[PDB]
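J.: For reference, the structure I am asking about is given below.
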Amino acid sequence: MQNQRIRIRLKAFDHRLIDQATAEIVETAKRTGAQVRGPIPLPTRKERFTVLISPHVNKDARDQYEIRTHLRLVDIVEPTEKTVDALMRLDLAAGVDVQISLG
Amino acid sequence: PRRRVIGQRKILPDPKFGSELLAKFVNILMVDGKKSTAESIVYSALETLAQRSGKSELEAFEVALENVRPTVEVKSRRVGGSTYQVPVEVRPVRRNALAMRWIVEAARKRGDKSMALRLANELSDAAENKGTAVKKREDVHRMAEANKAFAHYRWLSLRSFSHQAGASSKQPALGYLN
Amino acid sequence: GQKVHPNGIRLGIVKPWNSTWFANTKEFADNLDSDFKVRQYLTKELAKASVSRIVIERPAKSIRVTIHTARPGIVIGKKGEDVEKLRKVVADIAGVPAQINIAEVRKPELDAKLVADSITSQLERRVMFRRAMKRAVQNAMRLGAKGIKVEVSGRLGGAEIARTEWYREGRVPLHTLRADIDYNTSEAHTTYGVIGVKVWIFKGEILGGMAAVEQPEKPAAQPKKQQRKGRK
Amino acid sequence: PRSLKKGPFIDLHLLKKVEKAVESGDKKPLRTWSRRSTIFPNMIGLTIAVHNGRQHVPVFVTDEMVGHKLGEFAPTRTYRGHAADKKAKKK
Amino acid sequence: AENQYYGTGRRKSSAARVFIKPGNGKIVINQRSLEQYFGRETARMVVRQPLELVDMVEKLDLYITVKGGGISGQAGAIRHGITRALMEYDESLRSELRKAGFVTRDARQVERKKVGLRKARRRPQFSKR
Amino acid sequence: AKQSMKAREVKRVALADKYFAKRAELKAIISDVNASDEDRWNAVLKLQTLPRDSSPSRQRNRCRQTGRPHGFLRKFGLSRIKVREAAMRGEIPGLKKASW
RNA sequence: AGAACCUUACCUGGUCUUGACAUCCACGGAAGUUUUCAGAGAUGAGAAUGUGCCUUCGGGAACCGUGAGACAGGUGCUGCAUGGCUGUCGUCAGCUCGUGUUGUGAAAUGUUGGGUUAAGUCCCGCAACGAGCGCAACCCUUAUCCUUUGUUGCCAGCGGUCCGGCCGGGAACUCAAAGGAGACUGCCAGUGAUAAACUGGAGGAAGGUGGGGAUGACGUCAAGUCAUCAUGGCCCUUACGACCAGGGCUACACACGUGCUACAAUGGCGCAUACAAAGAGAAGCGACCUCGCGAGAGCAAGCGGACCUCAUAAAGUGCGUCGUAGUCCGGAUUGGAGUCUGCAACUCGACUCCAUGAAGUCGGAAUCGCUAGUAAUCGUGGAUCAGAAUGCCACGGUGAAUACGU
C-alpha cells in the first residue's frame with residue numbers, strides 16, 4: 001500500500017458545504033498543477049449530548065441533541081507550490097475550516 | 001381492539017446443521033440470549049442420544065415432540081365477581097413450543113453432571129412416554145375437559161347469544177357472547 | 001404545553017443556523033461564549049432600529065456579521081459613524097478584526113421577530129384587545145403568507161389570574177422538516193410585569209432562500225479523475 | 001488501603017503554632033482549624049483544640065496517636081443508637 | 001462467463017465476500033487455512049454446512065474474505081455467501097435458493113437507542129406513589 | 001443559581017496563575033518517584049498551602065457564561081438548561097435535533 | 001451526568017463593608033510576577049523584578065489595598081401575580097378556523113353513519129358548505145443497490161511473506177461520504193358495496209405508507225421552575241453581599257423506588273482460542289524504552305486519527321475437569337502491603353494486588369417493559385470528566401415466546 005507524503009484536511013459541520021469546498025480545491029489543483037486525485041470520503045465524527053426538556057423534573061421525556069462533523073482529505077499526490085499558492089489565496093469560508101498545516 | 005391483522009416472524013435454519021425444526025428448538029434452549037451455546041447443548045445432547053439408538057440421532061427428540069404434546073389448552077379472562085376458566089383447542093405453533101419448553105424445563109433440574117446429558121436423558125424418557133412432562137400433558141387436558149361449565153357474564157349473555165344466531169346453550173369459549 | 005421546539009429540528013435542512021463557524025473542539029467553548037457576547041452587546045447599540053435576525057460567521061483571521069432588517073438603511077445611520085461604532089465593538093469583543101454587511105431585505109413584514117414586535121406593541125400599550133387579535137391577523141394575511149398563528153399571554157387587561165388567548169387561521173404546519181418557516185417567542189415588559197406572544201407564520205412549503213449545493217461529487221472537479229491504481 | 005502518597009507534609013499551620021508552643025514546653029490549648037494535619041513528634045505533649053465545624057474539641061497529643069490525623073480524635077457525625085432512639089443532644 | 005462468479009453473503013450487516021470457481025474441492029479463508037481463522041471454533045462445520053447442503057464438497061474451489069461481526073456469525077454469513085454466489089449452473093438455481101432463504105438478506109435493520117428511554121424501546125420502571 | 005459559587009470561580013482564576021504557576025511541575029520534582037533521596041524536603045512543600053484554593057482539584061470551572069455550577073458541558077462552556085435555550089433558537093453552529 | 005474542601009443550597013469559625021464584578025471620586029501601590037516573616041487561611045507587614053497608560057506633570061485611571069456614595073449583588077419571598085419553557089392524558093383519534101342554516105337562546109350541525117386505516121386515509125351519504133390542525137408527507141438514517149472517489153480503504157490473482165495492504169504491485173472485491181435509487185394497494189389475484197384496505201403472486205435486500213427515527217391536536221389538569229433566565233409586587237444592602245477554612249447529604253435501627261450482577265454447570269476452574277462497531281486522544285494522548293507481581297514510575301519517536309493508541313472487547317469456542325456440600329457457583333467483607341489526584345485522603349476519594357472467606361439455592365406483601373434487531377443478555381467507547389459509573393448516550397457481539405380473540 002502507499003505512504004502519505006502530505007496531508008491537506010478539510011473540517012466542517014455542514015455536509016453539503018465540505019463536498020463543494022473540496023471539489024473546488026480539486027478543480028484549482030488540476031488547473032494550477034498536474035498531479036491530483038479525486039476526494040477521499042474519510043469517516044465522519046459525531047458527538048453525543050443529553051439534556052432535560054423541562055426546566056425541572058419529568059425524567060421520562062428527556063432530550064438528545066446531536067452535532068455531526070465531516071472530514072474530507074482530498075489527498076493530492078503532488079501539489080505544485082503554485083497550487084498551494086492558489087489554495088490559501090482564494091480561501092473565504094466559514095462552514096469549513098481548511099487545514100494546510102502538517103504534523 | 002387491533003385494527004388490522006398483524007403477522008409473525010419466521011425462523012431461518014440454524015448455522016451448524018441446517019434445520020428449521022432444530023433452529024426453533026435452540027431458541028427456547030436459550031438462557032441469557034446465548035443461542036450459540038444452546039446450539040452447542042443441542043448437538044452434544046443429540047450425539048449422546050445417538051449412542052442410545054444409531055438409526056437416527058433425532059429418533060428420541062422427534063417422538064418426544066409428539067408424545068408430550070398438549071392438544072388442548074385452558075384460557076382465562078375475568079368476568080366481574082368471578083375469574084372462571086374457559087377451554088379452547090390450541091393452535092399447532094403453541095402445541096409444538098409447549099412441548100419444546102417442557103422437555104427443557106424438566107432438563108435444567110435433572111442434576112446430571114453435564115447439561116448435554118440432562119437434555120439427552122429427558123428426551124430418551126419423554127420418547128417412551130415415561131418421563132417428566134407426561135404429567136404436564138395430563139393436567140393441561142384435564143383442565144380443558146373440567147372447565148366446560150363456564151361462560152362470560154353468563155345470565156345476560158345467553159339471550160344475547162340466542163338472537164346473534166347462537167345456540168340455546170352456554171358456549172365455553174373466549175370473547176363470545178355465550 | 002407540548003412539542004420539541006418547532007424551528008429546532010429544521011436546522012439541518014432548508015433553514016440556516018443562526019451562527020456558522022468551526023473551532024476544532026478544544027476552542028469551541030471559547031468561540032461560542034464570544035459569539036454570544038457579540039450578540040448581546042452589539043444589539044444594545046442598534047436598539048433604536050428595527051431588526052429580524054443576527055447571523056455571526058468566522059473565516060480565518062476575520063469575523064463577518066450579517067444582519068437582517070426592516071430596511072437596508074436603518075443600521076448605517078448618518079454618514080456611517082454609527083456602523084463604524086458597531087464594527088468598533090465587534091473588533092473589541094472578538095479575537096479578530098471585523099466586517100459588517102446589511103443583507104438583502106426580503107419579506108420584512110412577514111419575518112419572525114418583526115411581525116411579533118408589531119403585535120406585542122398592542123398589549124405593551126394596553127389597548128383594549130377587543131379587535132386587536134383580528135387586526136393583527138388582518139394585516140399578516142393582507143401583506144402576504146399562507147397562514148398564521150398568534151398566541152398572546154401575560155394576563156391581558158392587568159389580570160390577577162393566568163389568562164391566555166390565541167388565534168390560528170389558514171395553514172400552520174408544526175411537525176414539518178422542510179423549508180424555512182418563521183417562529184418567534186417575544187419577551188417584553190409593561191407596568192404589571194413581563195408579557196409575551198408566540199407567533200408561527202408560514203410563507204411556503206418550498207422556499208429557495210437556503211438550498212443544497214449545485215453539484216454532487218461525481219460530475220464535479222477534475223476532468224481526468226481515474227487513478228493509476230498503484231504504480232508509485 | 002489509603003495513604004499519604006509520596007511528598008513531605010509538616011503542614012504550614014502546625015509548623016508556626018508548634019514553634020511558639022514548644023518554647024514554654026506547653027501552654028493553653030492551641031486553637032486549630034487544620035483537620036487536614038497529621039500528628040507528629042514536634043507536637044508530642046501539646047494540647048491541640050480541634051474545630052470539628054461546630055466547636056473545637058480538645059485532643060491531647062501523645063506518642064500513641066502519631067499514626068493518625070487530628071480529625072480522627074475529634075468527631076463529626078452523630079450516631080443514633082438502637083437500644084432506644086436518641087432522645088437527647090451531645091455537645 | 002467470468003473468471004470467478006461472486007457472492008456478497010449478507011447476514012446481520014456483516015458481508016461474506018466469496019469468490020467461487022471450478023477446481024478440486026478446496027477452501028481458502030483470508031488467504032490462509034481453516035485452523036488459522038477459525039482456531040478451535042465450531043465455525044469450521046458452519047462454512048462446510050452450505051457445501052454439504054447442495055452436495056458440492058468435491059466441486060467448488062473457493063476464496064473467502066470476511067470482516068466484522070462475532071466469529072460464529074462470520075461463518076454464518078459465509079453460509080449465506082456460498083449460496084449467494086451460486087446462481088447460474090441453472091436458471092432455476094436462484095429461484096429455489098431464494099425460496100429456501102439462502103440468497104435473502106436479513107431484512108431486519110437496527111433500531112437506535114431512543115431518547116428518554118433506557119434502550120431502543122425499554123421505558124423506565126416506576127411504582128411511584 | 002446564586003452569586004457566591006460564581007464569585008468563588010471569578011476570584012480563583014487569578015489565584016491559579018499567581019499561586020499555581022510556580023507549583024505546576026512541583027508534584028513530579030519534589031514528591032513522586034523522581035524525588036527519591038532528592039528534594040523531598042519539607043520547606044518547599046509547605047508553600048503549596050497558598051495554592052490550596054488554587055489547586056487542580058478545584059479547577060472544575062462550570063458554566064463560563066454565568067459561573068453557575070452543576071450539570072456542566074465543557075464543549076459549549078454551558079450546561080443542560082443553558083445549552084437547550086441556545087439549541088432551540090439555532091444560536092450554536094451545526095447543533096440540531098437527532099434522528100437516524 | 002461524574003458530592004474530602006471545591007461542589008454546597010446547609011451549618012459554624014475567622015475578617016471587611018462600594019463590597020466577588022463594572023463605571024465614577026479620594027489616598028498608597030502600576031496590574032503582572034517573584035520572596036521572607038507574623039497569622040490557620042483569609043489577611044497584613046516588609047522585600048526584589050517591572051515602573052507601562054494619561055497628564056492641569058500635581059496627580060489619577062487601569063488593576064489592587066483602604067474609604068464613602070449613586071449603585072452593583074441576592075438557590076430573597078409569591079408558580080391564583082407573571083413571561084419564557086415543558087409534562088400528563090395518547091399516538092386518544094380526535095380538535096379547530098372561515099361561513100350558512102335550525103331553535104327564542106344557551107348551542108347543535110360538520111366533529112355523526114355504513115365500509116376501511118397510522119389517517120378528517122379512502123368509496124358511499126344526510127345542512128352541513130368551504131378549509132386547516134393532529135395523523136398522513138416532505139425529512140434524515142438504514143438496507144441492499146445505482147453512482148463517483150481509490151487513501152490513513154480494499155486485495156479473486158501476482159510478488160518480500162509470519163500471508164498482516166506493512167511494502168514491489170493489483171481493482172474481482174467489500175469498503176468509506178455523498179447524489180441518492182426501490183415500494184405506489186400503482187400492477188396481477190382473492191376478499192371488501194364500486195372502494196380505501198387486508199392477504200396472496202412475483203422480481204428484488206424488502207412488498208403493504210420497506211426497517212429505524214423525526215414525529216404530538218385546542219388545551220382543562222390552576223401540574224412544575226422566581227434555582228437557566230425575563231420580571232412586577234417587594235425586603236436586606238456592615239446584608240437574604242464577600243474572602244478564607246473546616247464539617248455534611250456518601251449519616252443507621254430501618255423500610256422503600258431503581259439498576260447492576262448473582263443464586264450455576266447453558267457455567268466456572270486451569271491451559272489454548274476468535275472476530276467488533278463506533279467514538280476519543282489539538283490544553284491532550286502515545287508505540288519502543290528501562291523499572292515494577294500489577295497498578296504505576298520516570299524517558300520518548302510519533303500523532304491529528306480509516307497510519308499511532310485507548311483496547312487483551314467480552315460473552316462465545318477447544319481440551320481436561322466439577323455435583324447441592326453455599327460448592328467445583330458466588331465471591332462481598334476485613335487484615336496487610338504496593339500505587340495514584342491534590343498543602344491536605346479521618347469520617348466522605350481512586351487503583352492494583354496478597355491471604356482468608358460470608359450472604360444469597362430464584363425470595364412474602366409488592367412489582368414493570370416489550371410486537372422484533374424488539375425483549376433478553378454480553379462487553380465497548382464516549383458525554384460529563386481533579387480523583388471515582390452500577391447510571392446516561394450511542395455502538396457492535398449473541399438474540400426469544402407469541403399477538404387466536406375483544
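Ordering of the C-alpha cells sets the chain letters (A, B, ...); residue numbers start at 1 within each chain; ligands are numbered from 1 in the order shown.
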Do me a favour and pick out the residues of chain C within 12 Å of chain A, using only C-alpha atoms, as a PyMOL selection string.

T.: chain C and resi 1-5+8-9+11-14+16-17+19-25+55-65+210-232

J.: Check which residues of chain F sit at most 6 Å from chain A using only C-alpha atoms, and return one row each with the closest pair of atoms and their distance in Å to one decimal, ordered by chain and rising number, as a Markdown table.

T.:
| residue | atom | partner | partner_atom | distance |
| --- | --- | --- | --- | --- |
| F:80 | CA | A:51 | CA | 4.9 |
| F:94 | CA | A:13 | CA | 5.3 |
| F:95 | CA | A:67 | CA | 4.7 |
| F:96 | CA | A:66 | CA | 5.8 |
| F:97 | CA | A:65 | CA | 5.1 |
| F:98 | CA | A:66 | CA | 5.4 |

J.: Excluding range 34-40 of chain D and residues on its chain fewer than 3 positions from it, collect all residues at most 7 Å away from it, counting only C-alpha atoms (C1' of nucleotides), and give them as an MDAnalysis selection string.

T.: (chainID D and resid 11 13 43:44 65:71) or (chainID G and resid 40 344)

J.: Restricting the calculation to only C-alpha atoms, which member of E:84, E:32, E:26, E:48 is positioned closest to residue 61 in chain E?

T.: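 For residue 61 in chain E, the nearest of the candidates is E:26.
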
J.: Skipping near chain neighbours, those fewer than 2 positions away, what residues fall within 12 Å of range 28-36 of chain B using only C-alpha atoms (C1' of nucleotides), listed as a ChimeraX atom specification?

T.: /B:14-16,21-26,38-43,45,96-108,115-116,119 /E:41-43,46,70-73,76 /G:264,266-267,315-317,375-378,397-401

J.: Would you give me, as JSON lines, each residue of chain D having an atom within 9 Å of an atom of chain G, along with its shortest atom pair and that distance in Å to one decimal, using only C-alpha atoms (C1' of nucleotides) and sorting by chain and residue number?

T.:
{"residue": "D:1", "atom": "CA", "partner": "G:336", "partner_atom": "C1'", "distance": 8.8}
{"residue": "D:2", "atom": "CA", "partner": "G:345", "partner_atom": "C1'", "distance": 7.0}
{"residue": "D:3", "atom": "CA", "partner": "G:345", "partner_atom": "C1'", "distance": 6.9}
{"residue": "D:4", "atom": "CA", "partner": "G:345", "partner_atom": "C1'", "distance": 6.8}
{"residue": "D:5", "atom": "CA", "partner": "G:340", "partner_atom": "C1'", "distance": 7.4}
{"residue": "D:9", "atom": "CA", "partner": "G:343", "partner_atom": "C1'", "distance": 7.4}
{"residue": "D:11", "atom": "CA", "partner": "G:343", "partner_atom": "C1'", "distance": 6.7}
{"residue": "D:12", "atom": "CA", "partner": "G:343", "partner_atom": "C1'", "distance": 7.6}
{"residue": "D:13", "atom": "CA", "partner": "G:40", "partner_atom": "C1'", "distance": 5.4}
{"residue": "D:14", "atom": "CA", "partner": "G:40", "partner_atom": "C1'", "distance": 8.3}
{"residue": "D:16", "atom": "CA", "partner": "G:39", "partner_atom": "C1'", "distance": 8.8}
{"residue": "D:17", "atom": "CA", "partner": "G:40", "partner_atom": "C1'", "distance": 8.9}
{"residue": "D:31", "atom": "CA", "partner": "G:40", "partner_atom": "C1'", "distance": 8.7}
{"residue": "D:32", "atom": "CA", "partner": "G:40", "partner_atom": "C1'", "distance": 6.8}
{"residue": "D:33", "atom": "CA", "partner": "G:40", "partner_atom": "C1'", "distance": 5.7}
{"residue": "D:34", "atom": "CA", "partner": "G:40", "partner_atom": "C1'", "distance": 6.4}
{"residue": "D:35", "atom": "CA", "partner": "G:246", "partner_atom": "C1'", "distance": 7.1}
{"residue": "D:36", "atom": "CA", "partner": "G:344", "partner_atom": "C1'", "distance": 5.1}
{"residue": "D:37", "atom": "CA", "partner": "G:344", "partner_atom": "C1'", "distance": 7.1}
{"residue": "D:51", "atom": "CA", "partner": "G:246", "partner_atom": "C1'", "distance": 7.2}
{"residue": "D:52", "atom": "CA", "partner": "G:247", "partner_atom": "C1'", "distance": 6.2}
{"residue": "D:53", "atom": "CA", "partner": "G:247", "partner_atom": "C1'", "distance": 4.6}
{"residue": "D:54", "atom": "CA", "partner": "G:12", "partner_atom": "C1'", "distance": 5.0}
{"residue": "D:55", "atom": "CA", "partner": "G:12", "partner_atom": "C1'", "distance": 7.5}
{"residue": "D:68", "atom": "CA", "partner": "G:346", "partner_atom": "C1'", "distance": 7.9}
{"residue": "D:69", "atom": "CA", "partner": "G:346", "partner_atom": "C1'", "distance": 6.3}
{"residue": "D:70", "atom": "CA", "partner": "G:346", "partner_atom": "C1'", "distance": 7.9}
{"residue": "D:71", "atom": "CA", "partner": "G:346", "partner_atom": "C1'", "distance": 5.5}
{"residue": "D:72", "atom": "CA", "partner": "G:346", "partner_atom": "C1'", "distance": 4.9}
{"residue": "D:73", "atom": "CA", "partner": "G:346", "partner_atom": "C1'", "distance": 8.7}
{"residue": "D:75", "atom": "CA", "partner": "G:347", "partner_atom": "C1'", "distance": 7.7}
{"residue": "D:76", "atom": "CA", "partner": "G:347", "partner_atom": "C1'", "distance": 6.8}
{"residue": "D:77", "atom": "CA", "partner": "G:251", "partner_atom": "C1'", "distance": 6.6}
{"residue": "D:78", "atom": "CA", "partner": "G:251", "partner_atom": "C1'", "distance": 7.1}
{"residue": "D:79", "atom": "CA", "partner": "G:252", "partner_atom": "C1'", "distance": 7.3}
{"residue": "D:80", "atom": "CA", "partner": "G:252", "partner_atom": "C1'", "distance": 7.2}
{"residue": "D:81", "atom": "CA", "partner": "G:253", "partner_atom": "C1'", "distance": 7.2}
{"residue": "D:82", "atom": "CA", "partner": "G:253", "partner_atom": "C1'", "distance": 5.0}
{"residue": "D:83", "atom": "CA", "partner": "G:253", "partner_atom": "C1'", "distance": 8.6}
{"residue": "D:84", "atom": "CA", "partner": "G:253", "partner_atom": "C1'", "distance": 8.7}
{"residue": "D:85", "atom": "CA", "partner": "G:253", "partner_atom": "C1'", "distance": 8.0}
